[PDB]
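Colleague: Just dropping this structure here.
Methodologically, a virtual Cβ is constructed for each residue, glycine included, from the backbone with ideal geometry; neighbour enumeration extends over all protein chains shown. Read-outs: derived from the displayed coordinates by stated rules, not from any lab.
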There are 2 protein chains.
Amino acid sequence: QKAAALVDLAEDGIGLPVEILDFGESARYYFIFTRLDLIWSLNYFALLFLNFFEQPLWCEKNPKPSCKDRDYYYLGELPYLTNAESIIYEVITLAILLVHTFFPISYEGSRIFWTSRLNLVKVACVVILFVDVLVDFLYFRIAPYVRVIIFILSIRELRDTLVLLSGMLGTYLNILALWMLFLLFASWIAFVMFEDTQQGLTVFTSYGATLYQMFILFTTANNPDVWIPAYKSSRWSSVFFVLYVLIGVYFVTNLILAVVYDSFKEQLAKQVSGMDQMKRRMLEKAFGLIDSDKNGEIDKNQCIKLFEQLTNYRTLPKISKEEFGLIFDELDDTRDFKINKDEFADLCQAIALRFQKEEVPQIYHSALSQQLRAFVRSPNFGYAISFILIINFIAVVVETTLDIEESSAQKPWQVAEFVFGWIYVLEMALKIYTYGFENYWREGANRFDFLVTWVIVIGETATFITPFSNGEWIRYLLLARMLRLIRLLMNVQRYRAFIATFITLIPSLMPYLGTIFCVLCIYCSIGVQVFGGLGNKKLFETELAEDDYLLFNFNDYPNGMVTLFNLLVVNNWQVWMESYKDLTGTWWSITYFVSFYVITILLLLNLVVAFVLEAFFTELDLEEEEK
Amino acid sequence: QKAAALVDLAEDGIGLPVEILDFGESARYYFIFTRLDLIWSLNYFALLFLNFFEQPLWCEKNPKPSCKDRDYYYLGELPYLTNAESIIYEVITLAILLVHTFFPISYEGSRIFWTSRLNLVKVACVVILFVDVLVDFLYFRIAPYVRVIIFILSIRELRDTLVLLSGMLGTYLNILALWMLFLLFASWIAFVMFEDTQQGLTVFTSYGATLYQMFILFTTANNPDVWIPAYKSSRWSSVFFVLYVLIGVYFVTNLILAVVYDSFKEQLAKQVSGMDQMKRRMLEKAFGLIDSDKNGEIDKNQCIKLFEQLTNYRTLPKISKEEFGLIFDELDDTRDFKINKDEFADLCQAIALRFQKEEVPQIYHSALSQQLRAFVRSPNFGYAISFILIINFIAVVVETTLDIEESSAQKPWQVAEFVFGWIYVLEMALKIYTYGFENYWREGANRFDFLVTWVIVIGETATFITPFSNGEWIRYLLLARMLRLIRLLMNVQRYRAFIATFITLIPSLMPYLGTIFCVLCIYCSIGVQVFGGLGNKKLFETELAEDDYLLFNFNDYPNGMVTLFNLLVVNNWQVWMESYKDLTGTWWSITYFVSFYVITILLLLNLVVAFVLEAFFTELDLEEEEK
Ligand SMILES: [Ba+2]
Ligand SMILES: [Ba+2]
Ligand SMILES: [Ba+2]
Ligand SMILES: [Ba+2]
Ligand SMILES: [Ba+2]
Ligand SMILES: [Ba+2]
Ligand SMILES: [Ba+2]
Ligand SMILES: [Ba+2]
Ligand SMILES: [Ba+2]
Ligand SMILES: [Ba+2]
Ligand SMILES: [Ba+2]
Ligand SMILES: [Ba+2]
Ligand SMILES: [Ba+2]
Ligand SMILES: [Ba+2]
Ligand SMILES: [Ba+2]
Ligand SMILES: [Ca+2]
Ligand SMILES: [Ca+2]
Ligand SMILES: [Ca+2]
Ligand SMILES: [Ca+2]
Ligand code: NA
């Protein structure tokens, strides 16, 4: 029915999904797009996850020519791949990819699909990846790059994050410029200051080297080491450097952060501005579908049925009656009952806030199940799982403390840990059964507990079909399933905002984190591509010592990934950068690390700082509002 | 006159000085307190600055017993002092101190002064310092501590900062507790994870050592080094540590910052709340002094004289007339003209914002000077000093570039640099003469340029009475006097907020910076007191190597000061902490460094972060308001 479809569009305004279609032809397109929305979700999340993982599992590129093949010399650690094996997965993921990327046409138009910049770029990368798999099939430099690109444009959350970044990138570049001025001036004045003195051994290459060292001091990664010769010369040399790390770290780095922060909050305000614009598009489509007379208002006899299927289909407001109309005219004192378009949306959002509790969506009998449903809905069940997890925790600390006491009662406790895993798979089956699959998926705690339970059960099939270190490690870890006991702390009035901010930050920071992860992966294929060596023997043991202890990496794609994590945490990065400089030979190999530090450290991480702060402030405001 | 005194109190409401006196007896007390306010300002800023500097120049304490006396063994660098010389300065500064600390009585009451907690603690430290100087005179553990304490309670700005810190300290302790929970849990799970594997060489002392290492990893100061054995064992060990530095650094450290931020803005809102309360106390004292009939309003014939001495004494509103009263009654259309107490303050603050331009406050003739005054007030003079500083800059880059080209035209340029110093002392004398001393002191640019000029002239007397490296260093540095050319950049619409935020941050961050500096000094007398050694020879060269290259310090009070700066910048701090641990011998010597890191790193520096951000946001808001 029209009114039914309208109520549906209203709960999609409240729940907030986004589609842009404008009709009996819009019904076939609606069936098509919803088809796409359900199955392609899991069967394609899997697909692009695995396809992106084909890049850290791919066969390296310097191993194709000389010399010795597959060794511990230049130190890798992951399984790699062959060409024959690589082609079959490149083809499979490329195929499911293709069918997805051309699917939208079925609910869009032909010239519409082919006029959308999104789909056009998606198919351009589709054909770059396809011609690649054809060449990697007959027998490579920009194959993984379309994997990470095609990944980042396959999840709307990372899409919109990248747009936000684009918006802040300009003013960000401005502050980067003023920053560059600071570094240049400080390098010139530092260098002209230590011109005819001992720190000619650290300002040897003069302004060229002193800008290098003043940059690495700007990141504080060499604070005591870099000016130790000058401190040895004079005591009062320090005055300079403490002046410079003072101004540069507490006066400069901070308001760079402030710049990225303000730019961020502005692009976010923009993003939710357009977001509310889309929700308005949907609710307005709806009321446009109830106002049959184009006058822009809806009747009593027309909104009693609309609120009727709202209260019947989505949420639990009240019941209509004869005092429904008598409360209508009694409330108005006028015999009109007409709601305009801009007040209807207000009604769907008042309903969206107060009345709204999205209800539960079999060829079976409730006969044998209606006891377990109503007794699992009892809070007694919640105290049951709570107490069960408590005793569980004591069990785990005893068993593990018996592998660290090395006594052998650890296995008698271990079997009980397995039977505890059984307890939890019971809780999962009875909970998913007694609430329904979608109502089970609606809460993040139950999503996580679900997938952790399923990792427990694949763990169980594996651990019992395969035959300790095969078991204790694969099962103690899921004590993270007791982590939900931390929600207890929110009952304390001191830590509510802390635990709450964190809890809501574990999802909301995930697109920004996945973004900086993809920047990592791109930089990783770059570094693998251009740093395949290790002059292995001499340039290595002369390059670094303890820093080659740290620098046995960057020659696999995983080694590159975790070395990029080390650069991410900033500690001792100039040994990776410095040693790869005196590995290649010229200075134009430092722009990898300066460019890295500047894209990820001054932009992305200042971004995540800003977002965490904004999340916690939001939290404090909500707690203020509840009272 | 009463009305005159009132207008005075109004401009002190606008300018915002603070006194709390409540009368012909309040006039003698007013003369007294103003006496104190002028001379004690310079002659006492000097005093407590020097007295505080008696602590880094004091004779050390482990040098009093054995063994070898005053050597390079255990490495100091500053002049020290003797007892005979120390006593005379302890006594002098203690004496001017005393006369100040008992001065307030003259404008306060006896039981009032002695009932104020401020003055009572001030005199308690007065007598602790005096009994000290008596003992240091006849022949020590808590002498410098009352120097830094007596310093921090001698400047209201640092006083109020410390109160703000007190206010945020509670909730700060709460987040510190939840943090401690994170570290403990992560240490237990990390340790039970690496229990029967190679990283028994890093989790040797078990939970005790693993909490140590997980703490130092929490500060990221050992990211690649600390888990390199486990990474050598398995590749998938990294997953743990990247998980942990992820959660701990981007999820935990950040919302700790957020906590200190919100607590800060709250205590600041409190502080300016009470501040406005004091300004209200002054303006209300004023209007209380004009409303002679206690009815709470002021007449026309009474506020025409009040606005009259406002416009005549402080600022430049308009002129009274017969159309002053005709504009009064013409504006009101009622023959009343009465202003209440709460609207009078509004009038003094509307005057304070729009009309307000505090005017210029000789037994001489303007005859010969009125040409230089009006031609220096011309902007042509501003373009004169601007161009002069530009050509000056080119001169300095040429001369200095000739000490780095080592050609000997550097001295011919150098004399011209001196004559440039002469140019600027001319600008200073003619500017201070043509604007007046107080109008010269009213702008921070002219305060700074004044004291830098005077350092140039003491430099000139010195450099010409003493006889290169005696000159080039002592004069090139004052090219910072051209630093004001950076104000030019504020004419660009991209960098206005940046340069402006910075410019206003060079003062506003100064009390928080001085605060963290005093925390440094206290920690410094602590460390000197308890770390006088260097088991010098063995425990040193076995303790540290490159880290003893860094650790030739902490055995003088300056060495302690700059080593505390190194700890402040956080880089490689665990070598100071670790080596001083295996110097003393037990683990109870790490609480110096954990306690340090926690008081200054998680509290004070998060504070200065928050304040910088708030300053820049304020700036953006003002630029928004001007349009
Ligand atoms: Ba020289
Ligand atoms: Ba030279
Ligand atoms: Ba070196
Ligand atoms: Ba109409
Ligand atoms: Ba619930
Ligand atoms: Ba609640
Ligand atoms: Ba080292
Ligand atoms: Ba074991
Ligand atoms: Ba063991
Ligand atoms: Ba070690
Ligand atoms: Ba930081
Ligand atoms: Ba009255
Ligand atoms: Ba001016
Ligand atoms: Ba202006
Ligand atoms: Ba850092
Ligand atoms: Ca390929
Ligand atoms: Ca209608
Ligand atoms: Ca003494
Ligand atoms: Ca009156
Ligand atoms: Na470091």
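Colleague: Which distances, shortest first and in nm, link A:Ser292 to the matching position in the other copies, using label points set 7 Å out along Cα to C-beta?
Modeller: Distances between equivalent label points, in nm: 8.4.
Colleague: Distances from A:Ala124 to the same position in the other copies: list them in nm, one decimal, shortest first, using label points 7 Å from Cα along Cα→Cβ.
Modeller: 7.5
Colleague: Does the protein assembly as shown classify as rounded, prolate or oblate by the C-alpha gyration tensor (a ≥ b ≥ c root eigenvalues; a/c under 1.5 gives rounded; else a/b over b/c gives prolate, otherwise oblate)?
Modeller: oblate
Colleague: Sequence neighbours fewer than 8 away in the same chain don't count; with that in mind, list the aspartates and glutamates whose C-alpha is under 19 Å from A:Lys411.
Modeller: Partners within reach: A:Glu399, A:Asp403, A:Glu460, A:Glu472, B:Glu195, B:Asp196.
Colleague: Right, next: Calculated from DSSP H runs of 4 or more alone, at -39500 (n - 2.57) each and per residue, what is the 222 nm mean residue ellipticity of chain B, nearest 500?
Modeller: Result for chain B: -22500 deg cm²/dmol, rounded to the nearest 500.
Colleague: From the label point of B:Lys537, set 7 Å from Cα along Cα→Cβ, how far away are the matching label points in the other copies, in nm, ordered shortest to longest?
Modeller: 4.1
Colleague: Which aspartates and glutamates, if any, have their Cα less than 15 Å from the Cα of A:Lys294, not counting same-chain residues under 8 positions apart?
Modeller: Counting by Cα, and skipping residues close in sequence, A:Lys294 has these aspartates and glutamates nearby: A:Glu284, A:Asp342.
Colleague: Counting other beta carbons within 10 Å of each residue's own, what order do A:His365, B:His100 fall into, fewest first?
Modeller: Starting with the residue having the fewest Cβ neighbours, the order is A:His365, B:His100.
Colleague: Need one number: the % of Cα-Cα pairs in the stretch B:444-601 sitting beyond the 27 Å mark.
Modeller: 51
Colleague: If the only charges are +1 at each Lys and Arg Cβ and -1 at each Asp and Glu Cβ, what is the size of the charge dipole of the stretch A:505-625 around the Cα centre, to the nearest 20 debye?
Modeller: The dipole magnitude comes to about 780 debye.
Colleague: While we're on this one: Here are some pairs, A:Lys318/A:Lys357; A:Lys68/A:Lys537; B:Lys2/B:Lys357; which of them have Cα atoms lying more than 18 Å apart in this structure?
Modeller: B:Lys2/B:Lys357
Colleague: Placing +1 at every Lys and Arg Cβ and -1 at every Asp and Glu Cβ, with all other atoms neutral, what dipole size does the stretch A:370-490 have around its Cα centre, in debye to the nearest 20?
Modeller: Computed charge dipole of the stretch A:370-490: roughly 620 debye.
Colleague: Can you tell me the Rg and Dmax of chain B, counting just the alpha carbons, in angstroms?
Modeller: Gyration radius and largest Cα-Cα distance of chain B: 30.6, 98 Å.
Colleague: May I pose another question? Within 10 Å of each residue's Cβ, count the other Cβ atoms and sort A:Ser263, A:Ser589 from fewest upward.
Modeller: With the fewest neighbours first, A:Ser263, A:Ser589 line up as A:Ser589, A:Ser263.
Colleague: Apply the Karplus curve 6.51 cos²θ - 1.76 cosθ + 1.60, θ = phi - 60°, to the phi angles in the stretch A:370-376 and return the couplings in whole Hz, x for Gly and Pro.
Modeller: 5, 8, 5, 4, 6, 8, 7
Colleague: Tell me, what HN-Hα J-couplings in whole Hz come from the Karplus equation 6.51 cos²θ - 1.76 cosθ + 1.60 at θ = phi - 60° for each residue of the stretch A:388-395, using x for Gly and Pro?
Modeller: 4, 5, 5, 4, 3, 4, 4, 4
Colleague: Using 26 Å as the Cα-Cα cut-off, could you pick out the over-long pairs in A:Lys627/B:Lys627; A:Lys270/B:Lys627; B:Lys122/B:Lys581?
Modeller: Numbers: A:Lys627/B:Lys627 38 Å; A:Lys270/B:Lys627 22 Å; B:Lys122/B:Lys581 37 Å.
In this structure, A:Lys627/B:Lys627; B:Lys122/B:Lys581 exceed 26 Å between Cα atoms.
Colleague: Right, next: For A:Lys321, go through the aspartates and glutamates and keep the ones whose alpha-carbon is under 14 Å away, minus same-chain ones fewer than eight residues off.
Modeller: Of all the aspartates and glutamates, those that pass the test against A:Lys321 - Cα under 14 Å, at least 8 places apart if same chain - are A:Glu308, A:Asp329, A:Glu330.
Colleague: Is the stretch A:2-154 rounded, prolate or oblate when judged by the Cα gyration tensor, a ≥ b ≥ c being the square roots of its eigenvalues, rounded requiring a/c under 1.5 and prolate requiring a/b larger than b/c? It would help to have the intermediate numbers written out before the result.
Modeller: Working: a/c = 3.55, a/b = 2.52, b/c = 1.41.
Prolate is the answer for the stretch A:2-154, as a/c is 1.5 or above and a/b outweighs b/c.
Colleague: Under the Kirkwood approximation applied to all pairs of distinct alpha-carbon atoms, what is the hydrodynamic radius of the stretch B:370-489 in Å?
Modeller: Here the Kirkwood hydrodynamic radius works out to 15.4 Å.
Colleague: Under 1.5 on a/c is rounded, so check that first for the stretch B:144-185, then, if it is not, pick prolate when a/b is larger than b/c and oblate when it is not; a ≥ b ≥ c are the square roots of the alpha carbon gyration tensor eigenvalues. Walk me through the intermediate numbers first.
Modeller: Details: a/c = 6.12, a/b = 2.30, b/c = 2.66.
Here the stretch B:144-185 falls in the oblate category.
Colleague: Still on this model: In debye to the nearest 20, how big a dipole does the protein assembly as shown give about its Cα centre with +1 on each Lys and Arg Cβ and -1 on each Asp and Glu Cβ?
Modeller: Dipole about the Cα centre, nearest 20: 420 debye.
Colleague: Could you state the number of Å between the C-alpha centres of the stretch A:122-138 and the stretch B:50-80?
Modeller: 73
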